Amino acid sequence: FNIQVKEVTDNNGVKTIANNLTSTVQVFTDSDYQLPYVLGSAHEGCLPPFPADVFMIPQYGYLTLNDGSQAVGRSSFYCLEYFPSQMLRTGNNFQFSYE
Amino acid sequence: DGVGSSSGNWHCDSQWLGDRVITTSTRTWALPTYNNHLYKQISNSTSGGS
Amino acid sequence: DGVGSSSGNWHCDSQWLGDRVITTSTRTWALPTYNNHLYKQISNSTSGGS
Amino acid sequence: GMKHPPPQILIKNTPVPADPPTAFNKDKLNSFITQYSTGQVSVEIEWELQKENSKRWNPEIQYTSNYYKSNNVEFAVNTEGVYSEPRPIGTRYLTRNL
Amino acid sequence: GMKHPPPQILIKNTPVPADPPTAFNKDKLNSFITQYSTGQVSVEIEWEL
């Protein structure tokens with residue numbers, strides 16, 4: 001919640017940030033565990049222990065079957081775009097529950 | 001339904017129910033202004049003969 | 001539900017009811033654009049051998 | 001082939017005139033604010049399937065990927081982030097009597 | 001350990017194309033408005049003692 005999509009403009013080194021009210025952010029949950037599970041590999045980029053800290057969201061990446069630096073026929077390629085996801089502009093809030 | 005509200009979601013999946021398949025695709029497009037807001041007559045003549 | 005309306009509050013507390021504890025945390029995040037909007041193949045080869 | 005196929009869908013940015021002269025002129029305006037638009041499109045098609053009911057004993061030809069190791073995955077993204085379709089793929093793999 | 005742990009939550013800024021050429025081109029757009037987003041997250045867990 002309280003999504004804010006900002007647009008950066010850099011003309012002649014002079015950088016400036018403005019709101020882009022019409023821009024959206026996409027969010028979805030791998031409810032069916034169809035993506036390679038990255039959590040629980042003791043990765044950095046969790047919520048900071050201190051409430052006051054503002055953190056950067058970690059980038060998602062994954063690994064399939066490999067033979068050296070090559071990929072075998074089994075190796076899987078996943079496109080997250082090929083998942084239904086909610087779209088939200090500022091003023092839109094996402095949420096879900098888990099058991 | 002306002003400047004600050006999404007007007008659709010990214011729904012993109014294929015589901016098979018047996019005898020039927022449902023494909024749903026979402027893409028993000030860009031639309032320039034074509035022809036300077038003009039309707040222009042064209043021919044192999046305006047194309048440099050042929 | 002509009003540009004000028006908050007879409008959530010900062011709720012952050014832990015309450016103990018006896019046999020259960022309820023932890024609630026709120027953080028403020030930032031999300032850059034990763035990979036120039038691209039999906040890129042990576043390997044120990046694109047990583048400088050190994 | 002269809003007499004009434006999926007209809008054409010035409011889109012256009014509505015012209016937004018620049019500042020017009022403060023004295024009337026009959027000529028059509030030719031000075032516009034340069035604009036472009038962007039958004040999302042969704043196309044949902046429902047396809048009807050005609051499943052195979054063959055009594056053939058031996059296994060059929062199937063479209064498969066090649067197991068042999070390679071630099072990139074077929075029908076995946078590059079290391080540049082360039083998606084590519086390595087070959088054409090027909091539909092005629094399963095067999096049926098005349 | 002769980003067969004069905006808390007699901008992964010993926011987020012991304014939707015790409016916003018810069019001004020495209022006024023003549024059609026089949027190539028995918030590679031010129032985008034540089035953006036980033038910010039907001040709040042809330043995680044509420046109930047623990048049994």
# chains A, B, ... in the order shown; residues from 1 in each chain; ligands from 1
$ residues_around --residues "residue 46 of chain C" --least-positions-apart "6" --cutoff "12 Å" --atoms "only C-alpha atoms" --output "list in words"
residues 68, 69 and 70 of chain A; 40 of chain C; 71, 78, 79 and 80 of chain D
$ residues_around --residues "segment 19-23 of chain B" --least-positions-apart "2" --cutoff "9 Å" --atoms "only C-alpha atoms" --output "PyMOL selection string"
(chain B and resi 12-17+25) or (chain D and resi 43-51)
$ select_by_dssp --residues "chain A" --states "strand (DSSP E)" --output "JSON, numbers by chain"
{"A": [4, 5, 6, 7, 8, 9, 10, 11, 14, 15, 16, 17, 18, 19, 25, 26, 27, 28, 29, 54, 55, 56, 86, 87, 88]}
$ write_last_selection --atoms "N, CA and C atoms" --output "PDB file, in the first residue's frame"
ATOM      1  N   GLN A   4       3.842   4.577  -4.780  1.00  0.00           N
ATOM      2  CA  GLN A   4       4.249   5.830  -5.432  1.00  0.00           C
ATOM      3  C   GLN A   4       5.211   5.472  -6.562  1.00  0.00           C
ATOM      4  N   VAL A   5       4.773   5.756  -7.778  1.00  0.00           N
ATOM      5  CA  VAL A   5       5.607   5.497  -8.963  1.00  0.00           C
ATOM      6  C   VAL A   5       6.193   6.840  -9.405  1.00  0.00           C
ATOM      7  N   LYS A   6       7.506   6.918  -9.270  1.00  0.00           N
ATOM      8  CA  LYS A   6       8.238   8.135  -9.637  1.00  0.00           C
ATOM      9  C   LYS A   6       9.058   7.951 -10.918  1.00  0.00           C
ATOM     10  N   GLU A   7       9.065   9.042 -11.667  1.00  0.00           N
ATOM     11  CA  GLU A   7       9.753   9.170 -12.956  1.00  0.00           C
ATOM     12  C   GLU A   7      10.955  10.099 -12.744  1.00  0.00           C
ATOM     13  N   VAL A   8      12.107   9.616 -13.185  1.00  0.00           N
ATOM     14  CA  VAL A   8      13.357  10.390 -13.090  1.00  0.00           C
ATOM     15  C   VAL A   8      13.686  10.960 -14.478  1.00  0.00           C
ATOM     16  N   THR A   9      14.081  12.220 -14.467  1.00  0.00           N
ATOM     17  CA  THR A   9      14.484  12.938 -15.691  1.00  0.00           C
ATOM     18  C   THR A   9      15.906  13.453 -15.467  1.00  0.00           C
ATOM     19  N   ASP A  10      16.767  13.187 -16.443  1.00  0.00           N
ATOM     20  CA  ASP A  10      18.179  13.597 -16.361  1.00  0.00           C
ATOM     21  C   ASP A  10      18.600  14.328 -17.643  1.00  0.00           C
ATOM     22  N   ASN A  11      18.527  15.649 -17.563  1.00  0.00           N
ATOM     23  CA  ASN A  11      18.894  16.525 -18.690  1.00  0.00           C
ATOM     24  C   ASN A  11      20.100  17.375 -18.306  1.00  0.00           C
ATOM     25  N   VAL A  14      21.557  17.365 -14.701  1.00  0.00           N
ATOM     26  CA  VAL A  14      20.519  17.892 -13.794  1.00  0.00           C
ATOM     27  C   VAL A  14      19.381  16.866 -13.684  1.00  0.00           C
ATOM     28  N   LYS A  15      19.476  16.064 -12.632  1.00  0.00           N
ATOM     29  CA  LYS A  15      18.480  15.030 -12.327  1.00  0.00           C
ATOM     30  C   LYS A  15      17.338  15.632 -11.508  1.00  0.00           C
ATOM     31  N   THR A  16      16.138  15.157 -11.816  1.00  0.00           N
ATOM     32  CA  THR A  16      14.895  15.583 -11.139  1.00  0.00           C
ATOM     33  C   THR A  16      13.886  14.432 -11.118  1.00  0.00           C
ATOM     34  N   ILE A  17      13.200  14.305  -9.987  1.00  0.00           N
ATOM     35  CA  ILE A  17      12.213  13.229  -9.770  1.00  0.00           C
ATOM     36  C   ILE A  17      10.813  13.847  -9.624  1.00  0.00           C
ATOM     37  N   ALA A  18       9.889  13.291 -10.396  1.00  0.00           N
ATOM     38  CA  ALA A  18       8.465  13.663 -10.350  1.00  0.00           C
ATOM     39  C   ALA A  18       7.584  12.410 -10.277  1.00  0.00           C
ATOM     40  N   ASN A  19       6.401  12.570  -9.696  1.00  0.00           N
ATOM     41  CA  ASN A  19       5.385  11.500  -9.691  1.00  0.00           C
ATOM     42  C   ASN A  19       4.836  11.237 -11.099  1.00  0.00           C
ATOM     43  N   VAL A  25       2.309  -0.692 -10.974  1.00  0.00           N
ATOM     44  CA  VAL A  25       3.245  -1.719 -10.487  1.00  0.00           C
ATOM     45  C   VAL A  25       2.481  -3.051 -10.538  1.00  0.00           C
ATOM     46  N   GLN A  26       3.184  -4.102 -10.944  1.00  0.00           N
ATOM     47  CA  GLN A  26       2.609  -5.456 -11.029  1.00  0.00           C
ATOM     48  C   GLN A  26       3.058  -6.300  -9.840  1.00  0.00           C
ATOM     49  N   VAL A  27       2.107  -7.032  -9.273  1.00  0.00           N
ATOM     50  CA  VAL A  27       2.372  -7.911  -8.151  1.00  0.00           C
ATOM     51  C   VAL A  27       1.560  -9.188  -8.268  1.00  0.00           C
ATOM     52  N   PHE A  28       2.158 -10.320  -7.927  1.00  0.00           N
ATOM     53  CA  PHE A  28       1.446 -11.589  -7.956  1.00  0.00           C
ATOM     54  C   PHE A  28       2.119 -12.559  -6.999  1.00  0.00           C
ATOM     55  N   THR A  29       1.404 -13.597  -6.588  1.00  0.00           N
ATOM     56  CA  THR A  29       1.952 -14.569  -5.653  1.00  0.00           C
ATOM     57  C   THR A  29       2.061 -15.958  -6.252  1.00  0.00           C
ATOM     58  N   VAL A  54      14.737   1.921   5.565  1.00  0.00           N
ATOM     59  CA  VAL A  54      14.095   1.825   4.239  1.00  0.00           C
ATOM     60  C   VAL A  54      14.997   0.909   3.405  1.00  0.00           C
ATOM     61  N   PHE A  55      14.406  -0.164   2.903  1.00  0.00           N
ATOM     62  CA  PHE A  55      15.171  -1.171   2.153  1.00  0.00           C
ATOM     63  C   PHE A  55      14.799  -1.210   0.663  1.00  0.00           C
ATOM     64  N   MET A  56      15.752  -1.738  -0.091  1.00  0.00           N
ATOM     65  CA  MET A  56      15.612  -1.985  -1.534  1.00  0.00           C
ATOM     66  C   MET A  56      15.194  -3.448  -1.734  1.00  0.00           C
ATOM     67  N   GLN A  86      -1.898  -8.729 -10.385  1.00  0.00           N
ATOM     68  CA  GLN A  86      -2.637  -7.500 -10.178  1.00  0.00           C
ATOM     69  C   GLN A  86      -1.812  -6.303 -10.590  1.00  0.00           C
ATOM     70  N   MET A  87      -2.483  -5.279 -11.093  1.00  0.00           N
ATOM     71  CA  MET A  87      -1.818  -4.061 -11.510  1.00  0.00           C
ATOM     72  C   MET A  87      -2.358  -2.960 -10.641  1.00  0.00           C
ATOM     73  N   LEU A  88      -1.480  -2.119 -10.122  1.00  0.00           N
ATOM     74  CA  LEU A  88      -1.951  -1.048  -9.241  1.00  0.00           C
ATOM     75  C   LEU A  88      -1.180   0.257  -9.408  1.00  0.00           C
TER      76      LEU A  88
END
$ interface_residues --of "chain C" --to "chain D" --cutoff "9 Å" --atoms "only C-alpha atoms" --output "ChimeraX atom specification"
/C:35,37-42,46
$ interface_residues --of "chain A" --to "chain B" --cutoff "7 Å" --atoms "only C-alpha atoms" --output "ChimeraX atom specification"
/A:21-22,82-92
$ write_last_selection --atoms "N, CA, C and O atoms" --output "mmCIF file, in the first residue's frame"
data_model
loop_
_atom_site.group_PDB
_atom_site.id
_atom_site.type_symbol
_atom_site.label_atom_id
_atom_site.label_comp_id
_atom_site.auth_asym_id
_atom_site.auth_seq_id
_atom_site.Cartn_x
_atom_site.Cartn_y
_atom_site.Cartn_z
ATOM 1 N N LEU A 21 1.659 9.563 -11.943
ATOM 2 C CA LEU A 21 0.398 9.094 -11.335
ATOM 3 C C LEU A 21 -0.283 7.934 -12.071
ATOM 4 O O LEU A 21 -0.841 7.041 -11.439
ATOM 5 N N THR A 22 -0.155 7.951 -13.392
ATOM 6 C CA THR A 22 -0.789 6.943 -14.266
ATOM 7 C C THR A 22 -0.024 5.612 -14.351
ATOM 8 O O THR A 22 -0.534 4.627 -14.877
ATOM 9 N N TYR A 82 4.003 -14.472 -17.966
ATOM 10 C CA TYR A 82 3.055 -15.553 -18.280
ATOM 11 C C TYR A 82 2.288 -16.033 -17.029
ATOM 12 O O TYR A 82 1.885 -17.188 -16.901
ATOM 13 N N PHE A 83 2.160 -15.111 -16.084
ATOM 14 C CA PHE A 83 1.395 -15.278 -14.848
ATOM 15 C C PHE A 83 0.423 -14.101 -14.730
ATOM 16 O O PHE A 83 0.821 -12.959 -14.978
ATOM 17 N N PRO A 84 -0.833 -14.379 -14.354
ATOM 18 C CA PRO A 84 -1.810 -13.321 -14.051
ATOM 19 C C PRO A 84 -1.331 -12.578 -12.796
ATOM 20 O O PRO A 84 -0.962 -13.194 -11.798
ATOM 21 N N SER A 85 -1.310 -11.256 -12.857
ATOM 22 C CA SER A 85 -0.879 -10.466 -11.719
ATOM 23 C C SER A 85 -1.695 -9.199 -11.604
ATOM 24 O O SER A 85 -2.134 -8.653 -12.603
ATOM 25 N N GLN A 86 -1.898 -8.729 -10.385
ATOM 26 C CA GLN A 86 -2.637 -7.500 -10.178
ATOM 27 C C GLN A 86 -1.812 -6.303 -10.590
ATOM 28 O O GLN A 86 -0.595 -6.305 -10.458
ATOM 29 N N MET A 87 -2.483 -5.279 -11.093
ATOM 30 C CA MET A 87 -1.818 -4.061 -11.510
ATOM 31 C C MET A 87 -2.358 -2.960 -10.641
ATOM 32 O O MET A 87 -3.561 -2.870 -10.432
ATOM 33 N N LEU A 88 -1.480 -2.119 -10.122
ATOM 34 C CA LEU A 88 -1.951 -1.048 -9.241
ATOM 35 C C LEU A 88 -1.180 0.257 -9.408
ATOM 36 O O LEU A 88 0.043 0.256 -9.529
ATOM 37 N N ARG A 89 -1.973 1.308 -9.546
ATOM 38 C CA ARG A 89 -1.479 2.698 -9.564
ATOM 39 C C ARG A 89 -1.463 3.198 -8.116
ATOM 40 O O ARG A 89 -2.048 2.574 -7.228
ATOM 41 N N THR A 90 -0.940 4.382 -7.878
ATOM 42 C CA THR A 90 -0.981 4.856 -6.513
ATOM 43 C C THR A 90 -2.456 4.899 -6.124
ATOM 44 O O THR A 90 -3.316 5.220 -6.936
ATOM 45 N N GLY A 91 -2.762 4.581 -4.876
ATOM 46 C CA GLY A 91 -4.148 4.560 -4.450
ATOM 47 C C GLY A 91 -4.802 3.197 -4.553
ATOM 48 O O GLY A 91 -6.006 3.058 -4.368
ATOM 49 N N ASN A 92 -4.002 2.187 -4.873
ATOM 50 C CA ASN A 92 -4.473 0.814 -4.958
ATOM 51 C C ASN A 92 -3.679 -0.039 -3.986
ATOM 52 O O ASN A 92 -2.470 0.112 -3.885
#
$ residues_around --residues "residue 29 of chain B" --least-positions-apart "4" --cutoff "8 Å" --atoms "only C-alpha atoms" --output "VMD selection string"
chain D and resid 38 to 41
$ interface_residues --of "chain B" --to "chain E" --cutoff "9 Å" --atoms "only C-alpha atoms" --output "list in words"
residues 28, 29, 30, 31, 32, 33, 34, 35 and 36 of chain B
$ write_last_selection --atoms "N, CA and C atoms" --output "PDB file, in the first residue's frame"
ATOM      1  N   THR B  28       1.889  -4.847 -23.565  1.00  0.00           N
ATOM      2  CA  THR B  28       1.928  -3.390 -23.357  1.00  0.00           C
ATOM      3  C   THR B  28       2.390  -2.738 -24.667  1.00  0.00           C
ATOM      4  N   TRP B  29       1.539  -1.853 -25.157  1.00  0.00           N
ATOM      5  CA  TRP B  29       1.721  -1.191 -26.462  1.00  0.00           C
ATOM      6  C   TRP B  29       2.037   0.302 -26.331  1.00  0.00           C
ATOM      7  N   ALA B  30       2.514   0.840 -27.447  1.00  0.00           N
ATOM      8  CA  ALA B  30       2.768   2.275 -27.642  1.00  0.00           C
ATOM      9  C   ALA B  30       2.169   2.706 -28.988  1.00  0.00           C
ATOM     10  N   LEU B  31       1.522   3.863 -28.953  1.00  0.00           N
ATOM     11  CA  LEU B  31       0.840   4.430 -30.119  1.00  0.00           C
ATOM     12  C   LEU B  31       1.318   5.863 -30.402  1.00  0.00           C
ATOM     13  N   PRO B  32       2.137   6.019 -31.449  1.00  0.00           N
ATOM     14  CA  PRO B  32       2.582   7.342 -31.912  1.00  0.00           C
ATOM     15  C   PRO B  32       1.411   8.057 -32.607  1.00  0.00           C
ATOM     16  N   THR B  33       1.684   9.271 -33.052  1.00  0.00           N
ATOM     17  CA  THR B  33       0.758  10.002 -33.935  1.00  0.00           C
ATOM     18  C   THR B  33       1.225   9.750 -35.372  1.00  0.00           C
ATOM     19  N   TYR B  34       0.354   9.098 -36.130  1.00  0.00           N
ATOM     20  CA  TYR B  34       0.637   8.782 -37.538  1.00  0.00           C
ATOM     21  C   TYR B  34       0.149   9.866 -38.495  1.00  0.00           C
ATOM     22  N   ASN B  35       0.962  10.079 -39.528  1.00  0.00           N
ATOM     23  CA  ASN B  35       0.638  10.966 -40.663  1.00  0.00           C
ATOM     24  C   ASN B  35       0.369  12.432 -40.316  1.00  0.00           C
ATOM     25  N   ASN B  36       0.875  12.897 -39.175  1.00  0.00           N
ATOM     26  CA  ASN B  36       0.678  14.296 -38.729  1.00  0.00           C
ATOM     27  C   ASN B  36      -0.825  14.628 -38.639  1.00  0.00           C
TER      28      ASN B  36
END
$ interface_residues --of "chain A" --to "chain D" --cutoff "6 Å" --atoms "only C-alpha atoms" --output "ChimeraX atom specification"
/A:70-73
$ write_last_selection --atoms "N, CA and C atoms" --output "short mmCIF file (atom, residue, chain, number, x, y, z; two decimals), in the first residue's frame"
data_model
loop_
_atom_site.label_atom_id
_atom_site.label_comp_id
_atom_site.auth_asym_id
_atom_site.auth_seq_id
_atom_site.Cartn_x
_atom_site.Cartn_y
_atom_site.Cartn_z
N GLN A 70 26.53 -24.62 -20.01
CA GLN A 70 25.51 -24.93 -21.02
C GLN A 70 24.24 -25.48 -20.37
N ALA A 71 23.16 -25.38 -21.13
CA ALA A 71 21.87 -25.83 -20.68
C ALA A 71 21.44 -27.03 -21.50
N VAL A 72 21.03 -28.07 -20.79
CA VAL A 72 20.55 -29.31 -21.39
C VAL A 72 19.09 -29.15 -21.82
N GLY A 73 18.55 -30.15 -22.51
CA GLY A 73 17.18 -30.11 -22.98
C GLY A 73 16.17 -29.96 -21.86
#
$ atom_distance --atom1 "atom CA of residue 3 of chain A" --atom2 "atom CA of residue 43 of chain A"
25.0 Å
$ closest_residue --among "A:1, A:50, A:96, A:78" --to "residue 31 of chain A" --atoms "only C-alpha atoms"
A:96
$ interface_residues --of "chain E" --to "chain A" --cutoff "7 Å" --atoms "only C-alpha atoms" --output "PDB file with C-alpha atoms, in the first residue's frame"
ATOM      1  CA  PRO E   6       4.724 -18.883   2.366  1.00  0.00           C
ATOM      2  CA  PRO E   7       4.408 -18.264  -1.424  1.00  0.00           C
ATOM      3  CA  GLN E   8       6.910 -16.055  -3.269  1.00  0.00           C
ATOM      4  CA  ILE E   9       5.680 -12.471  -3.771  1.00  0.00           C
ATOM      5  CA  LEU E  10       6.953 -10.940  -7.019  1.00  0.00           C
ATOM      6  CA  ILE E  11       6.731  -7.236  -7.845  1.00  0.00           C
ATOM      7  CA  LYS E  12       7.852  -5.180 -10.875  1.00  0.00           C
ATOM      8  CA  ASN E  13       7.431  -1.682 -12.294  1.00  0.00           C
ATOM      9  CA  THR E  14       5.386  -1.881 -15.490  1.00  0.00           C
ATOM     10  CA  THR E  34      13.305   5.594 -16.284  1.00  0.00           C
ATOM     11  CA  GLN E  35      11.143   4.850 -13.240  1.00  0.00           C
ATOM     12  CA  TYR E  36      11.171   3.381  -9.748  1.00  0.00           C
ATOM     13  CA  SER E  37       8.445   2.808  -7.150  1.00  0.00           C
ATOM     14  CA  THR E  38       8.183   3.011  -3.354  1.00  0.00           C
ATOM     15  CA  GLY E  39       5.586   2.173  -0.685  1.00  0.00           C
ATOM     16  CA  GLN E  40       4.839   0.234   2.492  1.00  0.00           C
ATOM     17  CA  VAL E  41       4.738  -3.474   3.312  1.00  0.00           C
TER      18      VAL E  41
END
$ atom_distance --atom1 "atom CA of residue 94 of chain D" --atom2 "atom CA of residue 52 of chain D"
8.0 Å
$ atom_distance --atom1 "atom CA of residue 3 of chain D" --atom2 "atom CA of residue 92 of chain D"
26.3 Å
$ decode --residues "segment 25-44 of chain E" --atoms "N, CA, C and O atoms" --output "CSV table (one decimal), in the first residue's frame"
chain,number,residue,atom,x,y,z
E,25,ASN,N,7.7,0.2,-36.9
E,25,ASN,CA,8.8,-0.6,-36.8
E,25,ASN,C,8.5,-1.9,-35.9
E,25,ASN,O,8.0,-1.8,-34.8
E,26,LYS,N,8.8,-3.0,-36.5
E,26,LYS,CA,8.5,-4.4,-35.9
E,26,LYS,C,9.3,-4.7,-34.7
E,26,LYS,O,8.9,-5.5,-33.9
E,27,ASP,N,10.5,-4.1,-34.5
E,27,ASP,CA,11.4,-4.3,-33.4
E,27,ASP,C,10.7,-3.9,-32.1
E,27,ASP,O,10.0,-2.9,-32.0
E,28,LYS,N,10.9,-4.7,-31.1
E,28,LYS,CA,10.4,-4.4,-29.7
E,28,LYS,C,11.0,-3.1,-29.2
E,28,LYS,O,12.2,-2.9,-29.5
E,29,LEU,N,10.2,-2.3,-28.5
E,29,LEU,CA,10.7,-1.1,-28.0
E,29,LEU,C,11.8,-1.3,-26.9
E,29,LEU,O,11.7,-2.3,-26.1
E,30,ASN,N,12.8,-0.5,-27.0
E,30,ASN,CA,14.0,-0.6,-26.1
E,30,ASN,C,14.3,0.8,-25.4
E,30,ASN,O,15.3,0.9,-24.7
E,31,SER,N,13.4,1.8,-25.6
E,31,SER,CA,13.5,3.1,-25.1
E,31,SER,C,12.4,3.4,-24.1
E,31,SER,O,11.2,3.4,-24.5
E,32,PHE,N,12.7,3.3,-22.8
E,32,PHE,CA,11.8,3.5,-21.7
E,32,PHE,C,12.0,4.7,-20.9
E,32,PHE,O,13.2,5.1,-20.7
E,33,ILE,N,10.9,5.2,-20.3
E,33,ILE,CA,11.0,6.2,-19.2
E,33,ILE,C,11.6,5.5,-18.0
E,33,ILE,O,11.0,4.5,-17.5
E,34,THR,N,12.6,6.1,-17.5
E,34,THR,CA,13.3,5.6,-16.3
E,34,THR,C,12.4,5.9,-15.1
E,34,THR,O,12.0,7.0,-14.8
E,35,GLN,N,12.0,4.8,-14.4
E,35,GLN,CA,11.1,4.9,-13.2
E,35,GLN,C,11.6,3.9,-12.1
E,35,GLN,O,12.4,3.0,-12.3
E,36,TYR,N,11.0,4.2,-11.0
E,36,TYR,CA,11.2,3.4,-9.7
E,36,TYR,C,9.9,3.7,-8.9
E,36,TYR,O,9.4,4.8,-8.9
E,37,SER,N,9.6,2.7,-8.1
E,37,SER,CA,8.4,2.8,-7.2
E,37,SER,C,8.9,2.6,-5.7
E,37,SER,O,10.0,2.2,-5.4
E,38,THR,N,8.0,3.1,-4.8
E,38,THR,CA,8.2,3.0,-3.4
E,38,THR,C,6.8,2.9,-2.7
E,38,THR,O,5.8,3.2,-3.3
E,39,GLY,N,6.8,2.3,-1.5
E,39,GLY,CA,5.6,2.2,-0.7
E,39,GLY,C,5.9,1.5,0.6
E,39,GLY,O,7.0,1.3,1.0
E,40,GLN,N,4.8,1.0,1.2
E,40,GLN,CA,4.8,0.2,2.5
E,40,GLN,C,4.4,-1.2,2.3
E,40,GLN,O,3.7,-1.6,1.4
E,41,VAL,N,5.0,-2.0,3.2
E,41,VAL,CA,4.7,-3.5,3.3
E,41,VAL,C,4.3,-3.8,4.7
E,41,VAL,O,4.9,-3.2,5.7
E,42,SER,N,3.3,-4.7,4.9
E,42,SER,CA,2.9,-5.2,6.2
E,42,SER,C,2.8,-6.7,6.2
E,42,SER,O,2.3,-7.3,5.3
E,43,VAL,N,3.5,-7.2,7.2
E,43,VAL,CA,3.6,-8.7,7.4
E,43,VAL,C,3.1,-9.0,8.8
E,43,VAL,O,3.7,-8.5,9.8
E,44,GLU,N,2.0,-9.6,8.9
E,44,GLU,CA,1.4,-10.0,10.2
E,44,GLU,C,1.4,-11.6,10.3
E,44,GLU,O,0.8,-12.2,9.5
